[PDB]
Amino acid sequence: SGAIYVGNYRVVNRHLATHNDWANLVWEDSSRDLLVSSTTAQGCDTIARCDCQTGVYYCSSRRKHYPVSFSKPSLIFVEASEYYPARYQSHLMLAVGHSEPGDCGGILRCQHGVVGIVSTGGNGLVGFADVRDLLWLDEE
Ligand SMILES: [Zn+2]
């Protein structure tokens with residue numbers, strides 16, 4: 001589990017969205033495993049606006065933050081999980097690392113801010129849903 005709180009927005013994995021997230025929906029994209037809902041209180045996370053390929057991510061299943069190199073956001077084929085069949089997921093970045101289903105929502109961050117959240121795992125890899133292209137998260 002885990003979310004990003006920026007301005008009046010809450011960013012979560014689409015497969016973990018709650019009733020309140022759907023009732024206050026701003027934007028969602030199944031192919032990216034992302035959903036954004038509106039919040040009453042202002043959040044304090046900053047979204048990275050960069051092309052970094054190194055950062056640190058939180059892995060709840062090991063209670064550890066790991067420094068990683070991660071790939072550029074792309075259409076990546078992902079094996080079947082408990083929450084999606086085998087398919088291409090878009091705007092996904094991979095790193096070598098541990099990722100179990102409950103690790104979804106863990107933040108990946110670089111010197112500029114939040115890069116994305118854990119979305120996929122298995123085969124010794126961890127995949128992160130990028131949010132750096134969602135410029136509208138910074139305003140309105
Ligand atoms: Zn960066």
# chains A, B, ... in the order shown; residues from 1 in each chain; ligands from 1

call {"tool": "residues_around", "arguments": {"residues": "stretch 51-58 of chain A", "least_positions_apart": "3", "cutoff": "7 Å", "atoms": "only C-alpha atoms", "output": "ChimeraX atom specification"}}
result
/A:64-72,106-110

call {"tool": "write_last_selection", "arguments": {"atoms": "N, CA and C atoms", "output": "PDB file, in the first residue's frame"}}
result
ATOM      1  N   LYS A  64      12.819  -1.655   4.149  1.00  0.00           N
ATOM      2  CA  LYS A  64      14.062  -1.046   3.708  1.00  0.00           C
ATOM      3  C   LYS A  64      13.880  -0.135   2.521  1.00  0.00           C
ATOM      4  N   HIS A  65      14.739   0.886   2.450  1.00  0.00           N
ATOM      5  CA  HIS A  65      14.816   1.773   1.283  1.00  0.00           C
ATOM      6  C   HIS A  65      16.045   1.294   0.515  1.00  0.00           C
ATOM      7  N   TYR A  66      15.905   1.049  -0.794  1.00  0.00           N
ATOM      8  CA  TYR A  66      17.019   0.547  -1.591  1.00  0.00           C
ATOM      9  C   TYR A  66      17.423   1.549  -2.662  1.00  0.00           C
ATOM     10  N   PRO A  67      18.728   1.829  -2.791  1.00  0.00           N
ATOM     11  CA  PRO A  67      19.184   2.676  -3.913  1.00  0.00           C
ATOM     12  C   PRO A  67      19.144   1.829  -5.196  1.00  0.00           C
ATOM     13  N   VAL A  68      18.568   2.365  -6.263  1.00  0.00           N
ATOM     14  CA  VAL A  68      18.469   1.606  -7.521  1.00  0.00           C
ATOM     15  C   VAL A  68      18.746   2.476  -8.738  1.00  0.00           C
ATOM     16  N   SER A  69      19.152   1.821  -9.834  1.00  0.00           N
ATOM     17  CA  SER A  69      19.159   2.372 -11.190  1.00  0.00           C
ATOM     18  C   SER A  69      17.838   1.878 -11.804  1.00  0.00           C
ATOM     19  N   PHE A  70      17.104   2.755 -12.489  1.00  0.00           N
ATOM     20  CA  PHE A  70      15.820   2.355 -13.077  1.00  0.00           C
ATOM     21  C   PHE A  70      15.716   2.812 -14.531  1.00  0.00           C
ATOM     22  N   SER A  71      15.006   2.038 -15.366  1.00  0.00           N
ATOM     23  CA  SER A  71      14.934   2.323 -16.797  1.00  0.00           C
ATOM     24  C   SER A  71      13.991   3.484 -17.162  1.00  0.00           C
ATOM     25  N   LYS A  72      14.068   3.984 -18.406  1.00  0.00           N
ATOM     26  CA  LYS A  72      13.208   5.106 -18.816  1.00  0.00           C
ATOM     27  C   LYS A  72      11.742   4.629 -18.951  1.00  0.00           C
ATOM     28  N   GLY A 106       4.724   1.893  -2.700  1.00  0.00           N
ATOM     29  CA  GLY A 106       5.998   2.382  -2.138  1.00  0.00           C
ATOM     30  C   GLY A 106       6.590   3.442  -3.048  1.00  0.00           C
ATOM     31  N   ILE A 107       7.124   4.536  -2.465  1.00  0.00           N
ATOM     32  CA  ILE A 107       7.616   5.630  -3.287  1.00  0.00           C
ATOM     33  C   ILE A 107       9.021   5.392  -3.820  1.00  0.00           C
ATOM     34  N   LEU A 108       9.238   5.758  -5.105  1.00  0.00           N
ATOM     35  CA  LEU A 108      10.568   5.845  -5.723  1.00  0.00           C
ATOM     36  C   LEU A 108      10.850   7.372  -5.758  1.00  0.00           C
ATOM     37  N   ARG A 109      12.016   7.800  -5.227  1.00  0.00           N
ATOM     38  CA  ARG A 109      12.349   9.221  -5.205  1.00  0.00           C
ATOM     39  C   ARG A 109      13.789   9.493  -5.622  1.00  0.00           C
ATOM     40  N   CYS A 110      14.007  10.648  -6.251  1.00  0.00           N
ATOM     41  CA  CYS A 110      15.340  11.070  -6.701  1.00  0.00           C
ATOM     42  C   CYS A 110      15.636  12.444  -6.014  1.00  0.00           C
TER      43      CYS A 110
END

call {"tool": "select_by_dssp", "arguments": {"residues": "stretch 50-137 of chain A", "states": "strand (DSSP E or B)", "output": "JSON, numbers by chain"}}
result
{"A": [54, 55, 56, 57, 58, 59, 64, 65, 66, 67, 68, 69, 74, 75, 76, 77, 78, 87, 88, 89, 90, 91, 92, 93, 94, 95, 96, 107, 108, 109, 110, 113, 114, 115, 116, 117, 118, 119, 120, 121, 122, 125, 126, 127, 128, 129, 130]}

call {"tool": "residues_around", "arguments": {"residues": "stretch 95-98 of chain A", "least_positions_apart": "5", "cutoff": "6 Å", "atoms": "only C-alpha atoms", "output": "PyMOL selection string"}}
result
chain A and resi 70+124-126

call {"tool": "select_by_dssp", "arguments": {"residues": "chain A", "states": "alpha helix (DSSP H)", "output": "NGL selection string"}}
result
:A and (19-23)

call {"tool": "residues_around", "arguments": {"residues": "residue A:5", "least_positions_apart": "3", "cutoff": "9 Å", "atoms": "only C-alpha atoms", "output": "list in words"}}
result
residues 8, 9, 10, 11, 39, 42, 43, 44, 45 and 46 of chain A

call {"tool": "decode", "arguments": {"residues": "stretch 8-41 of chain A", "atoms": "N, CA and C atoms", "output": "short mmCIF file (atom, residue, chain, number, x, y, z; two decimals), in the first residue's frame"}}
result
data_model
loop_
_atom_site.label_atom_id
_atom_site.label_comp_id
_atom_site.auth_asym_id
_atom_site.auth_seq_id
_atom_site.Cartn_x
_atom_site.Cartn_y
_atom_site.Cartn_z
N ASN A 8 -3.92 19.27 -3.94
CA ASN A 8 -5.19 18.65 -3.54
C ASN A 8 -5.42 17.33 -4.28
N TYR A 9 -4.34 16.59 -4.54
CA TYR A 9 -4.41 15.29 -5.23
C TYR A 9 -3.83 14.14 -4.39
N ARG A 10 -4.43 12.95 -4.54
CA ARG A 10 -3.94 11.70 -3.95
C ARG A 10 -3.71 10.75 -5.14
N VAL A 11 -2.47 10.26 -5.32
CA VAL A 11 -2.11 9.33 -6.41
C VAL A 11 -1.91 7.95 -5.83
N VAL A 12 -2.67 6.98 -6.32
CA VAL A 12 -2.59 5.60 -5.85
C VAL A 12 -2.50 4.61 -7.02
N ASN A 13 -2.17 3.34 -6.72
CA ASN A 13 -2.26 2.28 -7.74
C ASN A 13 -3.79 2.13 -8.05
N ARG A 14 -4.17 2.09 -9.33
CA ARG A 14 -5.58 1.96 -9.72
C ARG A 14 -6.19 0.69 -9.12
N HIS A 15 -5.39 -0.41 -9.05
CA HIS A 15 -5.93 -1.65 -8.50
C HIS A 15 -6.16 -1.64 -6.98
N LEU A 16 -5.69 -0.60 -6.29
CA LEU A 16 -5.87 -0.45 -4.84
C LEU A 16 -6.78 0.75 -4.50
N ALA A 17 -7.40 1.40 -5.50
CA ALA A 17 -8.25 2.56 -5.24
C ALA A 17 -9.43 2.20 -4.34
N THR A 18 -9.80 3.10 -3.45
CA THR A 18 -10.89 2.89 -2.49
C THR A 18 -12.21 3.45 -3.06
N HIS A 19 -13.33 3.23 -2.32
CA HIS A 19 -14.62 3.81 -2.71
C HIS A 19 -14.51 5.34 -2.76
N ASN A 20 -13.86 5.95 -1.75
CA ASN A 20 -13.72 7.41 -1.71
C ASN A 20 -12.89 7.90 -2.91
N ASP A 21 -11.84 7.14 -3.32
CA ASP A 21 -11.05 7.54 -4.49
C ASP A 21 -11.94 7.59 -5.75
N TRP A 22 -12.77 6.55 -5.98
CA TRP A 22 -13.64 6.53 -7.14
C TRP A 22 -14.72 7.65 -7.07
N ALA A 23 -15.25 7.91 -5.86
CA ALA A 23 -16.27 8.96 -5.65
C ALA A 23 -15.73 10.40 -5.81
N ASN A 24 -14.39 10.56 -5.77
CA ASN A 24 -13.73 11.86 -5.92
C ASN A 24 -12.67 11.75 -7.02
N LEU A 25 -12.98 11.01 -8.10
CA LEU A 25 -12.05 10.75 -9.18
C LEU A 25 -11.67 12.00 -9.99
N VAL A 26 -10.36 12.17 -10.25
CA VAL A 26 -9.84 13.22 -11.11
C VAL A 26 -9.45 12.59 -12.46
N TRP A 27 -8.66 11.52 -12.41
CA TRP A 27 -8.13 10.90 -13.62
C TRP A 27 -7.68 9.49 -13.30
N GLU A 28 -7.83 8.57 -14.26
CA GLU A 28 -7.36 7.19 -14.09
C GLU A 28 -6.93 6.61 -15.42
N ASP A 29 -5.99 5.67 -15.37
CA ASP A 29 -5.52 5.02 -16.58
C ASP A 29 -5.13 3.59 -16.24
N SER A 30 -5.95 2.61 -16.67
CA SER A 30 -5.70 1.19 -16.38
C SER A 30 -4.39 0.71 -16.96
N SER A 31 -4.04 1.17 -18.18
CA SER A 31 -2.77 0.72 -18.79
C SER A 31 -1.54 1.15 -17.99
N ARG A 32 -1.66 2.21 -17.14
CA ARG A 32 -0.53 2.66 -16.29
C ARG A 32 -0.66 2.21 -14.82
N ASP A 33 -1.79 1.56 -14.45
CA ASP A 33 -2.09 1.18 -13.07
C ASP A 33 -2.12 2.42 -12.16
N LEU A 34 -2.64 3.57 -12.67
CA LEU A 34 -2.72 4.79 -11.85
C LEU A 34 -4.13 5.33 -11.72
N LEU A 35 -4.39 5.96 -10.57
CA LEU A 35 -5.65 6.65 -10.32
C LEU A 35 -5.32 7.85 -9.43
N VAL A 36 -5.92 9.00 -9.74
CA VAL A 36 -5.75 10.21 -8.97
C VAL A 36 -7.12 10.66 -8.49
N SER A 37 -7.24 10.93 -7.18
CA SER A 37 -8.48 11.44 -6.59
C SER A 37 -8.22 12.79 -5.91
N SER A 38 -9.30 13.57 -5.63
CA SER A 38 -9.12 14.88 -5.01
C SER A 38 -9.15 14.77 -3.48
N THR A 39 -8.46 15.69 -2.80
CA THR A 39 -8.40 15.69 -1.34
C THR A 39 -8.90 17.03 -0.77
N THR A 40 -9.36 17.02 0.47
CA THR A 40 -9.80 18.25 1.12
C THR A 40 -8.57 18.99 1.68
N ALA A 41 -7.62 18.25 2.29
CA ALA A 41 -6.41 18.87 2.84
C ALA A 41 -5.28 18.88 1.79
#
